[PDB]
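Just the one chain here, laid out as structure tokens, in the form deposited in one PDB entry.
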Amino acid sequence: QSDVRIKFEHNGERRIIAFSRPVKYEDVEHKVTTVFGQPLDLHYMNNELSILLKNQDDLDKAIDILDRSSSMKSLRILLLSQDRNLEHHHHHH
């Protein structure tokens, strides 16, 4: 019970990667950053709305909903090259 199947896509190139539970954002992010060699951002798109992965809270919510949905199987994540977005602070709460 520890092998999540995640599908990553970069510039049209798709790849199949498995992650043994518990799946941590640090482990996943560290792998993506090393493979591509850059701080890429993960975007979780459900269908109608888009969620940005900033912390574990975002990933935890995404996995919780995905697991709840028996219909769903793989994870749809979009990789983007967003290394430092200008010199400022963006906080909303």
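Each residue number is its position in the shown sequence, starting from 1.
Only in words, not in the display: the form solved in complex with a partner chain, which the text now covers.
Under a 4.5 angstroms non-hydrogen atom cutoff, its partner chain in the deposited bound form has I17 among its neighbouring residues. Among residues of the shown chain, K73 is one whose heavy atoms approach its partner chain to within 4.5 Å in the deposited bound form. Looking at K61, you'd find every heavy atom of it more than 4.5 angstroms from its partner chain in the deposited bound form. Taking the partner from the other structure, its partner chain in the deposited bound form has no heavy atom within 4.5 Å of any heavy atom of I51. Heavy atoms of no residue among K24, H43 and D57 are located within 4.5 Å of its partner chain in the deposited bound form.
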